[PDB]
$ cat data.cif   # mmCIF, C-alpha atoms
data_run
#
loop_
_atom_site.label_atom_id
_atom_site.label_comp_id
_atom_site.auth_asym_id
_atom_site.auth_seq_id
_atom_site.Cartn_x
_atom_site.Cartn_y
_atom_site.Cartn_z
CA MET W 1 103.94 87.55 85.91
CA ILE W 2 106.40 90.41 86.39
CA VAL W 3 108.83 90.47 89.31
CA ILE W 4 110.18 93.62 90.97
CA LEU W 5 113.39 93.28 92.98
CA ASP W 6 114.69 96.10 95.17
CA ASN W 7 118.39 96.87 95.56
CA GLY W 8 118.15 99.45 98.33
CA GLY W 9 115.79 101.92 96.70
CA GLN W 10 112.64 102.65 98.69
CA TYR W 11 110.96 103.98 95.56
CA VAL W 12 109.76 100.53 94.51
CA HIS W 13 106.17 101.19 95.57
CA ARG W 14 105.86 103.27 92.41
CA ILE W 15 106.69 100.18 90.35
CA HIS W 16 103.99 97.95 91.81
CA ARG W 17 101.54 100.84 92.16
CA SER W 18 101.86 101.90 88.52
CA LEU W 19 101.63 98.37 87.12
CA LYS W 20 98.40 97.93 89.08
CA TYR W 21 96.81 101.05 87.59
CA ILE W 22 97.97 99.79 84.20
CA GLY W 23 96.49 96.34 84.77
CA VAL W 24 99.68 94.32 85.11
CA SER W 25 100.19 91.63 87.76
CA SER W 26 103.51 91.92 89.60
CA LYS W 27 105.08 91.28 93.00
CA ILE W 28 107.89 93.02 94.89
CA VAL W 29 110.77 91.07 96.43
CA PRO W 30 113.41 92.26 98.93
CA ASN W 31 117.17 91.91 98.49
CA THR W 32 117.63 90.06 101.79
CA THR W 33 116.11 87.00 100.12
CA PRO W 34 118.28 84.51 98.20
CA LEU W 35 118.82 84.88 94.45
CA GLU W 36 117.29 81.43 94.01
CA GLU W 37 113.99 83.13 94.87
CA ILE W 38 114.05 85.11 91.62
CA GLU W 39 116.04 82.49 89.73
CA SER W 40 113.44 79.84 90.58
CA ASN W 41 110.91 81.63 88.37
CA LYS W 42 112.45 81.46 84.90
CA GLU W 43 108.91 81.55 83.51
CA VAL W 44 108.55 85.25 84.35
CA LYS W 45 108.00 87.68 81.48
CA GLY W 46 109.75 90.81 82.71
CA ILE W 47 111.69 92.20 85.66
CA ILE W 48 112.08 95.66 87.19
CA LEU W 49 115.18 96.77 89.10
CA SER W 50 114.00 99.39 91.60
CA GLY W 51 116.33 102.28 92.34
CA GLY W 52 118.85 102.31 95.17
CA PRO W 53 121.95 103.91 96.73
CA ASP W 54 124.46 101.42 95.31
CA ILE W 55 124.15 98.07 93.55
CA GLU W 56 127.70 97.21 94.61
CA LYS W 57 126.64 96.54 98.20
CA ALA W 58 124.19 93.75 97.35
CA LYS W 59 125.07 90.27 96.10
CA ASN W 60 121.75 89.91 94.27
CA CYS W 61 123.18 92.15 91.55
CA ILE W 62 125.04 89.08 90.30
CA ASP W 63 121.76 87.23 89.77
CA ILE W 64 120.41 90.07 87.62
CA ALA W 65 123.49 89.78 85.42
CA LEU W 66 122.92 86.08 84.79
CA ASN W 67 119.15 86.50 84.65
CA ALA W 68 119.48 88.58 81.48
CA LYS W 69 117.53 85.77 79.79
CA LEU W 70 114.45 87.89 80.48
CA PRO W 71 113.74 91.59 79.80
CA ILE W 72 114.85 93.54 82.86
CA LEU W 73 114.20 97.28 83.13
CA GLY W 74 116.56 98.99 85.56
CA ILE W 75 115.90 102.41 87.05
CA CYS W 76 118.27 104.89 88.71
CA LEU W 77 120.81 102.31 89.86
CA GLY W 78 119.54 99.63 87.51
CA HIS W 79 121.29 101.06 84.46
CA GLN W 80 124.42 101.32 86.62
CA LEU W 81 124.13 97.67 87.65
CA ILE W 82 124.35 96.51 84.04
CA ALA W 83 127.43 98.66 83.45
CA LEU W 84 129.59 97.33 86.29
CA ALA W 85 128.34 93.89 85.28
CA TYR W 86 129.57 94.29 81.70
CA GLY W 87 132.70 96.11 82.81
CA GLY W 88 131.72 99.76 82.61
CA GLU W 89 131.90 102.74 84.96
CA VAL W 90 129.53 105.21 86.61
CA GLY W 91 129.88 108.53 88.41
CA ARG W 92 128.19 111.77 89.41
CA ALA W 93 127.62 114.77 87.14
CA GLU W 94 124.91 117.06 88.51
CA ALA W 95 123.38 116.37 91.93
CA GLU W 96 120.93 119.16 91.13
CA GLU W 97 117.22 118.29 91.08
CA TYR W 98 115.26 120.94 89.18
CA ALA W 99 116.55 120.30 85.66
CA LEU W 100 115.29 119.65 82.13
CA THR W 101 115.98 116.61 79.95
CA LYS W 102 114.74 116.91 76.36
CA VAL W 103 115.07 113.94 74.01
CA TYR W 104 115.43 114.24 70.24
CA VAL W 105 114.33 111.75 67.58
CA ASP W 106 115.42 108.53 69.28
CA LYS W 107 113.53 105.41 70.34
CA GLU W 108 113.57 101.62 70.02
CA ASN W 109 109.91 101.70 68.97
CA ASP W 110 109.35 99.12 71.70
CA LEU W 111 108.80 100.76 75.08
CA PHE W 112 109.09 104.37 73.91
CA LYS W 113 105.82 103.93 72.01
CA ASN W 114 103.18 106.66 72.09
CA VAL W 115 106.05 109.15 72.30
CA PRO W 116 107.09 111.83 69.77
CA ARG W 117 110.62 112.62 68.58
CA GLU W 118 111.43 115.92 70.29
CA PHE W 119 109.96 116.28 73.78
CA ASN W 120 110.98 117.67 77.17
CA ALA W 121 111.19 115.12 79.98
CA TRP W 122 112.25 115.37 83.62
CA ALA W 123 115.37 113.56 84.81
CA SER W 124 118.01 114.02 87.52
CA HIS W 125 121.66 114.02 86.45
CA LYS W 126 122.74 112.60 89.81
CA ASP W 127 124.74 109.65 88.48
CA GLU W 128 125.15 108.15 85.01
CA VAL W 129 127.39 105.72 83.14
CA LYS W 130 130.77 107.29 82.40
CA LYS W 131 132.23 104.34 80.48
CA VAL W 132 131.30 103.06 77.03
CA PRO W 133 131.02 99.24 77.11
CA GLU W 134 130.71 97.06 74.01
CA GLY W 135 127.42 95.36 73.19
CA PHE W 136 125.13 98.08 74.53
CA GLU W 137 123.28 100.78 72.60
CA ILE W 138 121.39 103.90 73.68
CA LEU W 139 117.72 103.93 72.68
CA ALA W 140 116.97 107.44 73.94
CA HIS W 141 119.47 110.28 74.29
CA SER W 142 118.78 113.74 75.72
CA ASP W 143 120.54 117.04 75.02
CA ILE W 144 121.88 116.71 78.57
CA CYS W 145 121.23 113.06 79.39
CA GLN W 146 122.45 111.02 76.43
CA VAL W 147 122.44 107.94 78.67
CA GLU W 148 118.72 108.31 79.40
CA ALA W 149 118.21 104.76 78.14
CA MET W 150 120.56 101.89 77.29
CA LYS W 151 119.69 98.50 75.80
CA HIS W 152 121.95 95.53 75.05
CA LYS W 153 121.76 93.79 71.68
CA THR W 154 123.53 90.61 72.81
CA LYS W 155 120.62 89.97 75.18
CA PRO W 156 117.17 91.33 76.11
CA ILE W 157 118.37 93.93 78.61
CA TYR W 158 117.18 97.48 79.24
CA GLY W 159 118.34 100.32 81.47
CA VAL W 160 117.45 103.92 82.30
CA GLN W 161 118.80 106.73 84.48
CA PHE W 162 115.60 108.75 84.90
CA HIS W 163 112.77 107.60 87.17
CA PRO W 164 109.69 106.98 84.98
CA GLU W 165 107.93 105.57 88.05
CA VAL W 166 107.14 109.06 89.35
CA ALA W 167 104.17 110.92 87.87
CA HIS W 168 106.07 114.19 87.43
CA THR W 169 108.29 112.25 85.03
CA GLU W 170 107.33 113.74 81.66
CA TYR W 171 107.00 111.05 78.99
CA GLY W 172 108.38 108.69 81.61
CA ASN W 173 105.25 106.72 82.48
CA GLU W 174 105.15 105.81 78.79
CA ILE W 175 108.30 103.67 78.94
CA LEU W 176 107.17 102.17 82.25
CA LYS W 177 103.63 101.56 81.01
CA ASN W 178 104.69 100.29 77.59
CA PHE W 179 107.29 97.90 78.99
CA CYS W 180 105.32 96.63 81.98
CA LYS W 181 102.57 95.97 79.43
CA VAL W 182 104.74 94.17 76.88
CA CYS W 183 105.82 91.66 79.53
CA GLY W 184 102.83 92.22 81.79
CA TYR W 185 100.70 90.04 79.52
CA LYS W 186 99.73 86.90 81.43
CA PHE W 187 97.72 83.73 80.80
CA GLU W 188 94.59 82.49 82.57
#
$ encode --input "data.cif" --output "structure tokens"
Amino acid sequence: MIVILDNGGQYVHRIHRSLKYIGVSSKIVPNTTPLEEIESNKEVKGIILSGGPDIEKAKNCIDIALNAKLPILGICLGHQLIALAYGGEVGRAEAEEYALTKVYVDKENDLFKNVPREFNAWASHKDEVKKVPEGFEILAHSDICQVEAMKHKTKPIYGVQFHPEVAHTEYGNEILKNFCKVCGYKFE
């Protein structure tokens, strides 16, 4: 089963709601709870790091860094959580909302399935990684948001700046539906 942990972001309902419509069993867990709660289930298949204001205010962020054993897909602040964890940096670029984010021929052929090479997708340039850590590689880069998606090779870790949870997210539900499905698979 998939586990969804929130780090301050109230946009987690989109994670559990989407998975449901996709046919993937998952449960949401608050940050107030102890890390042992999520660390006690090492059998899980995948994890989703809901958005949030800052992952530097919660102590659970440390658990996500050591829980890399499983495929964790971070959103909004998620991608930023992996950076500070590896020793990177993050800042603000464009707080604007109404903006375009086209992505050229780039994909890990894993979660970006059912997606073409050149397509226009929605994404806010609020905050994105400003540092370039070692061991991580971008799977999808946009003409404006090159850090649209970052995955580590050393371990099964994934991160994204855009919010694929929302419906308006063009070509976003694909990465959220493809991933949640890859790890969503359960046994009876």
$ axis_aligned_box --input "data.cif" --around "range 59-66 of chain W" --padding-each-side "6 Å" --output "lines of an AutoDock Vina configuration file"
center_x = 122.7
center_y = 89.1
center_z = 90.4
size_x = 16.7
size_y = 18.1
size_z = 23.3
$ atom_distance --input "data.cif" --atom1 "CA of residue 59 in chain W" --atom2 "CA of residue 157 in chain W"
19.1 Å
$ resolve_selection --input "data.cif" --expression "the PyMOL selection byres ((chain W and resi 132) around 10)" --output "list in words"
residues 83, 87, 88, 89, 90, 129, 130, 131, 133, 134, 135, 136 and 137 of chain W
$ resolve_selection --input "data.cif" --expression "the PyMOL selection byres ((chain W and resi 2) around 10)" --output "ChimeraX atom specification"
/W:1,3-4,16,19,24-28,43-48,71-72,180-181,183-186
$ resolve_selection --input "data.cif" --expression "the PyMOL selection byres ((chain W and resi 94) around 8)" --output "list in words"
residues 92, 93, 95, 96, 124, 125, 126 and 127 of chain W
$ closest_residue --input "data.cif" --among "W:99, W:22, W:176, W:68" --to "residue 145 in chain W" --atoms "only C-alpha atoms"
W:99
$ residues_around --input "data.cif" --residues "residue 78 in chain W" --least-positions-apart "2" --cutoff "12 Å" --atoms "all atoms listed in the file" --output "ChimeraX atom specification"
/W:4-9,47-56,61,64-65,72-76,80-85,90,127-129,148-151,157-163
$ atom_distance --input "data.cif" --atom1 "CA of residue 15 in chain W" --atom2 "CA of residue 175 in chain W"
12.0 Å
$ atom_distance --input "data.cif" --atom1 "CA of residue 179 in chain W" --atom2 "CA of residue 79 in chain W"
15.4 Å
$ closest_residue --input "data.cif" --among "W:164, W:91, W:23, W:34" --to "residue 112 in chain W" --atoms "only C-alpha atoms"
W:164
$ closest_residue --input "data.cif" --among "W:152, W:146, W:165, W:110" --to "residue 10 in chain W" --atoms "all atoms listed in the file"
W:165
$ closest_residue --input "data.cif" --among "W:37, W:118, W:123, W:113" --to "residue 168 in chain W" --atoms "only C-alpha atoms"
W:123
$ closest_residue --input "data.cif" --among "W:167, W:77, W:58, W:12" --to "residue 31 in chain W" --atoms "all atoms listed in the file"
W:58
$ decode --input "data.cif" --residues "range 94-124 of chain W" --atoms "N, CA and C atoms" --output "compact mmCIF listing (two decimals), in the first residue's frame"
# COMPACT_ATOMS: atom_id res chain seq x y z
N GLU W 94 9.95 32.99 -9.69
CA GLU W 94 8.78 33.71 -10.17
C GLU W 94 7.54 33.31 -9.38
N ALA W 95 7.11 34.18 -8.47
CA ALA W 95 5.94 33.92 -7.65
C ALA W 95 4.67 33.94 -8.50
N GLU W 96 4.79 34.41 -9.74
CA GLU W 96 3.65 34.47 -10.64
C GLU W 96 2.92 33.14 -10.70
N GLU W 97 1.65 33.18 -11.10
CA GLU W 97 0.84 31.98 -11.19
C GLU W 97 0.59 31.59 -12.65
N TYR W 98 -0.14 32.43 -13.36
CA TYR W 98 -0.45 32.18 -14.76
C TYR W 98 0.83 32.16 -15.60
N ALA W 99 1.36 30.96 -15.83
CA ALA W 99 2.57 30.80 -16.62
C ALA W 99 2.57 29.47 -17.36
N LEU W 100 3.41 29.38 -18.39
CA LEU W 100 3.50 28.16 -19.19
C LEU W 100 4.80 27.41 -18.89
N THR W 101 4.76 26.09 -19.02
CA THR W 101 5.93 25.26 -18.76
C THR W 101 6.00 24.09 -19.74
N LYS W 102 6.55 24.34 -20.92
CA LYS W 102 6.67 23.31 -21.94
C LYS W 102 7.90 22.44 -21.69
N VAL W 103 7.78 21.15 -21.98
CA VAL W 103 8.87 20.21 -21.78
C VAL W 103 9.26 19.53 -23.09
N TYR W 104 10.54 19.59 -23.43
CA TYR W 104 11.03 18.98 -24.66
C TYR W 104 11.21 17.47 -24.48
N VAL W 105 11.86 16.85 -25.46
CA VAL W 105 12.09 15.41 -25.42
C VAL W 105 12.92 15.02 -24.19
N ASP W 106 12.23 14.65 -23.12
CA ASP W 106 12.90 14.26 -21.88
C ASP W 106 11.95 13.48 -20.98
N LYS W 107 12.37 12.28 -20.59
CA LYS W 107 11.56 11.43 -19.72
C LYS W 107 12.33 10.17 -19.32
N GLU W 108 12.01 9.65 -18.14
CA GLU W 108 12.67 8.45 -17.64
C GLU W 108 11.95 7.19 -18.11
N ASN W 109 10.95 7.38 -18.97
CA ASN W 109 10.18 6.26 -19.50
C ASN W 109 9.68 5.36 -18.37
N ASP W 110 9.43 5.96 -17.21
CA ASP W 110 8.95 5.22 -16.05
C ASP W 110 7.60 5.76 -15.59
N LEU W 111 7.58 7.02 -15.18
CA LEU W 111 6.36 7.66 -14.71
C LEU W 111 5.83 8.65 -15.74
N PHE W 112 6.70 9.07 -16.65
CA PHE W 112 6.32 10.01 -17.70
C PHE W 112 5.73 9.29 -18.90
N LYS W 113 5.30 8.05 -18.69
CA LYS W 113 4.71 7.25 -19.75
C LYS W 113 3.44 7.89 -20.28
N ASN W 114 3.03 7.50 -21.49
CA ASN W 114 1.83 8.04 -22.11
C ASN W 114 1.97 9.54 -22.36
N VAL W 115 3.21 10.01 -22.43
CA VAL W 115 3.49 11.42 -22.66
C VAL W 115 4.46 11.60 -23.82
N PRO W 116 4.15 12.56 -24.71
CA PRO W 116 4.99 12.85 -25.88
C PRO W 116 6.31 13.51 -25.49
N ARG W 117 7.03 14.01 -26.48
CA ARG W 117 8.31 14.67 -26.25
C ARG W 117 8.12 16.15 -25.96
N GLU W 118 7.55 16.87 -26.92
CA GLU W 118 7.30 18.30 -26.77
C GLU W 118 5.83 18.57 -26.46
N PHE W 119 5.58 19.06 -25.25
CA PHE W 119 4.22 19.36 -24.82
C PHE W 119 4.20 20.50 -23.80
N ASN W 120 3.12 21.27 -23.79
CA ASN W 120 2.98 22.39 -22.87
C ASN W 120 2.26 21.96 -21.60
N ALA W 121 2.91 22.15 -20.46
CA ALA W 121 2.33 21.78 -19.17
C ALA W 121 2.35 22.97 -18.21
N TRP W 122 1.37 23.00 -17.31
CA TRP W 122 1.27 24.08 -16.33
C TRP W 122 2.19 23.82 -15.14
N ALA W 123 2.78 24.89 -14.61
CA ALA W 123 3.68 24.77 -13.47
C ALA W 123 4.08 26.15 -12.94
N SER W 124 4.00 26.32 -11.63
CA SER W 124 4.35 27.59 -11.00
C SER W 124 5.83 27.64 -10.67
